[PDB]
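A quick write-up on the structure given underneath.
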Amino acid sequence: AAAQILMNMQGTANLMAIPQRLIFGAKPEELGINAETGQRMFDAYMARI
Amino acid sequence: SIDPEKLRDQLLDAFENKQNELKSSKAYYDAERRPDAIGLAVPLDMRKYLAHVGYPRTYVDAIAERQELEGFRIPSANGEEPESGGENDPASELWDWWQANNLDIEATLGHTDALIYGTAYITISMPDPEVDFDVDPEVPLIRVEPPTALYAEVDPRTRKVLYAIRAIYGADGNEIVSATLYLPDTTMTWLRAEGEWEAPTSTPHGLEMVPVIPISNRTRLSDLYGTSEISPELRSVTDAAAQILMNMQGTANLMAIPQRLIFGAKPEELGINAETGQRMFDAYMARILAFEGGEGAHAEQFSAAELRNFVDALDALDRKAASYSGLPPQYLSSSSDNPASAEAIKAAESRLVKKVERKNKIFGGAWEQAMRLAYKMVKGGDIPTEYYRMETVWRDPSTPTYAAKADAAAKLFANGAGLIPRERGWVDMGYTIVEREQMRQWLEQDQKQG
Amino acid sequence: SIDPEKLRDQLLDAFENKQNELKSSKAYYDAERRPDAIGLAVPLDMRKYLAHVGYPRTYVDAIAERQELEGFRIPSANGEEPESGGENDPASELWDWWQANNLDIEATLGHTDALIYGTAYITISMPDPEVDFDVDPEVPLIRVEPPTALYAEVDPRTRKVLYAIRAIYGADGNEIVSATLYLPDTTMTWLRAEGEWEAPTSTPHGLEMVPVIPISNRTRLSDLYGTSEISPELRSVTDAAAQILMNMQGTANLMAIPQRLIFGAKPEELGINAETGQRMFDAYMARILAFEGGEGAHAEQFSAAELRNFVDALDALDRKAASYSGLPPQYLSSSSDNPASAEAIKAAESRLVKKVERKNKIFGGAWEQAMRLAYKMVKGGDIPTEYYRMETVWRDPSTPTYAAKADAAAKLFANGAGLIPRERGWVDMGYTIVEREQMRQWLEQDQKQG
Amino acid sequence: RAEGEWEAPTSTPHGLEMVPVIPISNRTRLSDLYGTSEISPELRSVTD
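Protein chains in written order, with the deposited numbering: chain Fh, 245 to 293; chain Fg, 6 to 455; chain Fd, 6 to 455; chain Ff, 197 to 244.
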């Protein structure tokens with residue numbers, strides 16, 4: 245029983261101990277998503293809006 | 006039967022195949038990179054920021070740093086001089102060889118390799134003087150050597166070593182610079198001259214059996230070879246905590262601050278530079294940003310990740326790591342109470358003390374056997390049969406409270422009218438077999454003055 | 006054999022190749038800039054504000070500052086009754102050379118380099134009269150030299166030194182200004198840089214061995230050469246905590262403030278000076294701003310970052326750094342308690358005490374060996390067989406609870422009617438060999454008066 | 197240099213074998229050849 249809890253806690257710490265962030269109603273080509281990879285990099289240093 | 010040349014080429018392969026399992030125990034004590042310790046949420050370029058975990062180091066050190074040998078005990082039948090430390094005693098010669106070899110330094114090293122890898126090997130010989138050594142030429146050389154340098158084959162019928170190889174893996178791990186083969190009645194040594202062996206140096210010996218003894222970390226009777234003390238439970242918790250540390254450390258670099266957003270705002274109206282996608286704005290504390298809002302525009306945030314959510318798991322794993330290891334609660338789970346008195350100290354140390362008293366029992370057998378081989382090495386023939394009843398004697402593993410024993414021993418002795426003889430009060434105070442002799446000699450001076 | 010002319014060049018390359026490894030461990034104790042310490046969220050102009058973390062220095066000092074040498078024990082023939090009187094004992098000679106060299110300073114320095122870099126070396130010679138130094142001409146000159154200034158080759162087979170070399174750099178810069186070879190047969194020295202070398206000054210030598218003894222921080226037998234005390238676990242929490250401190254510092258400069266906004270208010274209506282983008286407004290505390298309200302305008306703000314969120318990770322990394330180091334949890338970020346009793350102090354310090362008692366063993370071996378070489382070099386000829394049983398004696402690493410010992414030693418001795426002889430009470434009170442000597446003179450002088 | 201550039205020196209022989217100046221130095225370790233400030237880089241960084 246305790247070994248199952250330690251695995252589920254460790255899985256949770258790798259997948260869900262963190263808020264997951266979503267945007268709705270934004271076109272991927274408006275954001276500038278690269279259609280060949282599905283991603284955009286953004287320079288994310290502190291306090292940038 | 007088999008020739009030394011073939012038997013060397015056989016044992017060097019077995020010795021080298023052994024290293025493929027020993028590297029898996031070194032990696033936890035040295036804290037090398039382990040794939041299963043890397044926290045999965047961290048992005049691929051940030052996974053260079055490893056977070057090593059010290060439970061295996063802490064646990065193996067906490068056993069080894071409180072094992073301390075003192076003089077061997079040997080019985081005698083109707084013996085006129087049972088007072089251990091006299092000039093003719095079996096106890097005195099074996100302890101003289103212990104000091105002359107510096108085994109009070111070298112054994113405490115060798116017990117770490119015995120705990121980390123599960124075995125280390127004591128070796129016995131007379132010193133060859135042609136090397137111009139700084140050793141006393143009348144004592145046997147006794148040396149303890151690790152499983153990364155010496156390997157021995159044990160027959161499971163007799164539960165004893167048949168033969169063994171030491172391989173000196175040279176400068177910077179490149180090549181075997183020399184090899185030594187131990188057989189029941191002789192020892193051979195070869196050195197690599199360049200790419201190939203020089204002809205063997207050889208030595209016959211008076212022993213009927215090979216001059217090597219395993220200090221084996223036997224956990225259990227059915228554990229034939231001895232096992233690493235860094236058990237699968239503590240391995241799994243060391244890697245579990247390392248993943249929580251990396252995920253927390255990546256979170257603190259990416260989400261411990263909130264992310265700020267604005268929606269419904271045209272970049273070329275905000276004055277965002279088209280070549281670079283940024284606008285600089287001077288942001289000294291109290292300033293207000295006034296915006297156009299023609300869409301019905303508004304500000305938004307993604308929230309910060311709360312780092313306490315990982316510390317909730319770091320606390321839980323420190324309680325599990327403490328519970329599996331049996332260390333006092335403050336070694337690992339230092340978010341716990343601190344022992345206030347000599348009784349509370351005995352309570353907290355109790356499981357670590359009993360762990361070490363059991364390893365004093367197991368490693369005692371290896372040193373007793375090595376001292377019987379050292380006796381036959383120096384003095385030929387059979388051993389006086391009382392040496393088959395010899396015992397190692399070890400310091401108490403508990404933290405030495407002085408005042409709590411001092412007046413307990415004084416109230417038992419009661420100035421010589423009390424419950425115990427003189428020497429028992431010295432043994433219960435924990436004075437060693439070596440220092441009790443010097444106290445006997447000082448007492449026999451004091452009794453001449455008053 | 007190899008020419009002394011070549012034996013510089015052949016292993017000054019190895020001396021320089023060593024410096025690339027030593028420089029890594031130095032950066033942690035000297036608290037220098039590391040790529041891994043820089044907090045990633047801080048923007049690239051603010052990344053000049055390095056924060057440094059003192060755990061490596063705190064740990065190395067907490068060991069290095071608690072160990073001190075009281076003297077040597079050499080086992081006498083005909084019983085443990087030696088004295089410093091007429092025809093004085095062996096130990097009072099070796100302690101005179103320890104004092105005459107100020108090794109009570111040079112050792113407490115050299116144990117720090119031995120813990121930082123993993124090794125340091127003890128160099129032995131007679132003093133040269135011709136240089137007019139402040140040294141007694143009759144004692145052996147013994148001094149400790151760091152691995153930043155000296156190197157040695159250790160035989161893989163016997164684990165004893167084959168060759169050694171000093172290199173002394175100029176007062177600034179990378180240029181050598183002197184180099185010295187030690188070999189079994191001789192010591193040789195040069196008094197100019199690489200190129201423009203002087204002719205060899207040379208001294209013939211009395212020992213069968215190189216007069217350079219390594220102090221080495223061997224944790225384990227399979228440490229062949231000793232290892233840095235600043236372990237990878239302690240490096241990991243040092244670099245991890247430095248990132249949390251930089252990200253917290255960036256957050257205090259950028260986000261500990263709520264950022265206030267207005268949407269739907271036209272910059273033209275607010276009277277924004279268009280060529281600067283700013284309006285100053287006279288902002289003493291209680292004033293109320295009033296707006297025409299634009300396109301149905303409203304106020305907004307982005308919330309502040311909680312600096313507490315990073316502090317909850319600083320506390321967790323302090324809790325790990327205490328657990329890996331084995332320091333008493335009053336050091337580092339101090340716990341919610343302090344040990345308020347003489348027993349509770351021994352409960353808190355038990356790990357640090359047992360690690361220092363362990364260092365006192367492995368550094369004792371190097372000092373005992375250096376004292377045998379110093380004797381064999383200054384007296385000439387053979388070593389008396391009792392010097393192979395020589396032991397260092399060191400101070401108790403724990404905080405000296407004088408009153409708790411004084412009650413206990415008094416109850417044990419009981420005015421001479423009690424359990425222990427007088428001198429054992431003096432040993433248990435922790436008086437050094439030189440203090441227990443001088444108390445014999447004062448006790449004999451008191452016995453003239455009664 | 198009390199009223200212009202250097203006057204001709206006064207002097208005193210002392211006949212010792214060594215210079216009559218001795219450094220007190222805050223030696224942190226053997227490799228710290230000249231000694232270093234007690235206000236260490238970490239204590240500077242937490243102060244700032």
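A virtual CB, placed ideally from N, CA and C, is assigned to each residue, including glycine.
List the residues of chain Ff that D139 of chain Fd touches, going by C-beta distances under 8 Å, in chain order. In the third sequence, counting from the first residue as 1, residue 139 of chain Fd sits at position 134. Ordered by position in chain Ff, the residues that pass the 8 Å Cβ test against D139 of chain Fd are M214.
Taking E150 of chain Fd as the query, report the chain Ff residues whose CB atoms sit under 9 Å from its CB, ordered along the chain. Position 145 of the third sequence, counting from 1, holds the residue named residue 150 of chain Fd. In chain order: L226.
Does DSSP put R78 of chain Fd in a helix, in a strand, or in coil? The sequence position of residue 78 of chain Fd within the third sequence is 73, counting from 1. Strand at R78 of chain Fd.
Taking any Cβ of chain Fg, which residues in the region 258-278 of chain Fh have a Cβ under 7 Å from it, in chain order? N258, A261, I262, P263 and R265
Which residues in chain Fg sit within 8 Å of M253 of chain Fh, going by Cβ to Cβ distance? Counting from 1 along the first sequence, the entry for residue 253 of chain Fh is found at position 9. The answer, in chain order, is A318 and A321.
What residues in its chain sit with their C-beta under 7 Å from that of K453 of chain Fd, if we drop five residues either side in the sequence? Residue numbering aside, residue 453 of chain Fd sits at position 448 when the third sequence is read from its first letter. Answer for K453 of chain Fd: no residue qualifies.
Could you give the C-beta distance for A105 of chain Fg and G115 of chain Fg, rounded to a whole number, given that I count them as a contact under 8 Å? One-based indexing of the second sequence puts residue 105 of chain Fg at position 100. One-based indexing of the second sequence puts residue 115 of chain Fg at position 110. Not really, about 17 Å apart at Cβ, beyond 8 Å.
Only counting the same chain, and skipping five residues up and downstream in sequence, which positions put a Cβ closer than 8 Å to that of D244 of chain Fg? Along the second sequence, read from residue 1 onward, the residue named residue 244 of chain Fg stands at position 239. Only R39, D41, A42 and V58 meet the Cβ criterion.
Report yes if the C-beta distance between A371 of chain Fd and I218 of chain Fd is below 8 Å; otherwise report no. One-based indexing of the third sequence puts residue 371 of chain Fd at position 366. One-based indexing of the third sequence puts residue 218 of chain Fd at position 213. In contact: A371 of chain Fd and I218 of chain Fd (Cβ atoms closer than 8 Å).
Under the rule that 16 or more other beta-carbon atoms within 10 Å means buried, what is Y187 of chain Fg, buried or exposed? Indexing the second sequence from 1 puts residue 187 of chain Fg at position 182. Flag for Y187 of chain Fg reads buried.
Can you tell me whether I262 of chain Fg is helix, strand or coil according to DSSP? Position 257 of the second sequence, counting from 1, holds the residue named residue 262 of chain Fg. Three-state DSSP puts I262 of chain Fg in coil, outside helix and strand.
Taking the alpha-carbon of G200 of chain Fd as reference, which of Fd:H210, Fd:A184 and Fd:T206 has the nearest alpha-carbon? Counted from its first residue, the third sequence places residue 200 of chain Fd at position 195. Among Fd:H210, Fd:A184 and Fd:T206, the Cα nearest to that of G200 of chain Fd belongs to Fd:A184.
What are the complete alpha helix (DSSP H) segments, minimum 4 residues, inside the region 309-355 of chain Fd? 313-330
Would you verify that the beta carbon of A67 of chain Fd is, or is not, closer than 8 Å to some beta carbon of chain Ff? For the purposes of this step, residue 67 of chain Fd is taken as residue 62 along the third sequence, with counting starting at 1. No, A67 of chain Fd does not count as interfacial toward chain Ff.
N- and C-terminal bounds of the beta strand (DSSP E) containing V58 of chain Fd: In the third sequence, counting from the first residue as 1, residue 58 of chain Fd sits at position 53. Unbroken run through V58 of chain Fd: none, as it is neither H nor E.
Excluding the five sequence neighbours on either side, which residues of its own chain have a C-beta within less than 6 Å of the C-beta of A247 of chain Fg, listed in chain order? As a first step, residue 247 of chain Fg is located in the second sequence; it is residue number 242 there, counting from the start. Only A42, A56 and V58 meet the Cβ criterion.
Is it the case that the Cβ atoms of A157 of chain Fg and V166 of chain Fg are separated by a distance below 8 Å? Residue mapping note: residue 157 of chain Fg aligns to position 152 of the second sequence, counting from 1. Residue mapping note: residue 166 of chain Fg aligns to position 161 of the second sequence, counting from 1. Cβ distance < 8 Å, so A157 of chain Fg and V166 of chain Fg count as in contact.
8 Å contact criterion, which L27 of chain Fg and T153 of chain Fg should meet: CB distance rounded: For the purposes of this step, residue 27 of chain Fg is taken as residue 22 along the second sequence, with counting starting at 1. For the purposes of this step, residue 153 of chain Fg is taken as residue 148 along the second sequence, with counting starting at 1. Yes, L27 of chain Fg and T153 of chain Fg are in contact; Cβ-Cβ is about 6 Å, under 8 Å.
Closest by CA to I388 of chain Fg, which one among Fg:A310, Fg:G211 and Fg:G298? Numbered from 1 along the second sequence, position 383 holds the residue referred to as residue 388 of chain Fg. Among Fg:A310, Fg:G211 and Fg:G298, the Cα nearest to that of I388 of chain Fg belongs to Fg:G211.
If the cut-off is 8 Å on Cβ atoms, which residues from the region 35-62 of chain Fd count as contacting chain Fh, listed in chain order? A46, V47, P48 and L49
Report the neighbours of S241 of chain Ff on chain Fd: residues whose CB is nearer than 7 Å to its CB, in chain order. As a first step, residue 241 of chain Ff is located in the fourth sequence; it is residue number 45 there, counting from the start. Here the neighbours are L55, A56 and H57.
Is it the case that the region 263-272 of chain Fg contacts the region 235-243 of chain Fg, given that we only count it when at least three CB pairs across the two stretches are under 8 Å? no
Beta-carbon proximity check, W431 of chain Fg vs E73 of chain Fg, cutoff 8 Å: Reading the second sequence from its first residue, position 426 is the one you call residue 431 of chain Fg. Reading the second sequence from its first residue, position 68 is the one you call residue 73 of chain Fg. Contact flag unset, no.
Go ahead and pull the three-state DSSP assignment for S207 of chain Fd. As a working mapping, residue 207 of chain Fd is identified with position 202 in the third sequence. In this structure, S207 of chain Fd counts as strand in the three-state DSSP scheme.
Under 7 Å Cβ to Cβ from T208 of chain Fd, same chain only, skipping five residues before and after it: list those, please. As a first step, residue 208 of chain Fd is located in the third sequence; it is residue number 203 there, counting from the start. Excluding positions up to five away in sequence, the list reads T191 and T192.
What are the boundary residues of the beta strand (DSSP E) that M285 of chain Fh is part of? Position 41 of the first sequence, counted from the first residue, corresponds to residue 285 of chain Fh. Looking at the DSSP string, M285 of chain Fh is not in any beta strand (DSSP E), and its letter there is neither H nor E.
Excluding sequence positions up to five away, which residues of its chain have a Cβ less than 7 Å from the Cβ of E88 of chain Fd? By 1-based counting over the third sequence, the position of residue 88 of chain Fd is 83. Result list for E88 of chain Fd: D94, in chain order.
Round the Cβ separation of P402 of chain Fg and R78 of chain Fg to the nearest angstrom and send it over; I've been treating them as touching at under 8 Å. Within the second sequence, residue 402 of chain Fg is the residue found at index 397, counting from 1. Within the second sequence, residue 78 of chain Fg is the residue found at index 73, counting from 1. At roughly 18 Å, the Cβ-Cβ gap does not stay under 8 Å, so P402 of chain Fg and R78 of chain Fg are not in contact.
Nearest CA to the CA of residue 459 of chain Fd: which residue from Fd:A204, Fd:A257, Fd:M214 and Fd:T437? Since the first residue of chain Fd shown is 6 and the last is 455, residue 459 of chain Fd is not available in this structure.
Against chain Fd, does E238 of chain Ff count as a neighbour if the rule is that its beta carbon must be under 8 Å from one of theirs? The residue you call residue 238 of chain Ff lines up with position 42 of the fourth sequence. At least one chain Fd Cβ lies under 8 Å of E238 of chain Ff.
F20 of chain Fg versus Fg:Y54, Fg:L155 and Fg:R429, residue with shortest Cα-Cα distance: By 1-based counting over the second sequence, the position of residue 20 of chain Fg is 15. Selected option, being the one with the closest Cα: Fg:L155.
With a threshold of 8 Å, are at least 3 pairs of Cβ atoms found where one atom belongs to the region 329-336 of chain Fg and the other to the region 350-370 of chain Fg? yes
So, helix, strand or coil for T191 of chain Fd, using DSSP? By 1-based counting over the third sequence, the position of residue 191 of chain Fd is 186. Strand, per DSSP.
Whole-angstrom distance between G90 of chain Fd and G84 of chain Fg, CA atom to CA atom: Reading the second sequence from its first residue, position 79 is the one you call residue 84 of chain Fg. Reading the third sequence from its first residue, position 85 is the one you call residue 90 of chain Fd. So the two alpha carbons sit approximately 38 Å from each other.
Which of the residues in the region 93-117 of chain Fg, read from start to end, lie with their CB under 8 Å from any CB of chain Fd? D101, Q104, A105, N107, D109, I110, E111, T113, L114, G115 and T117
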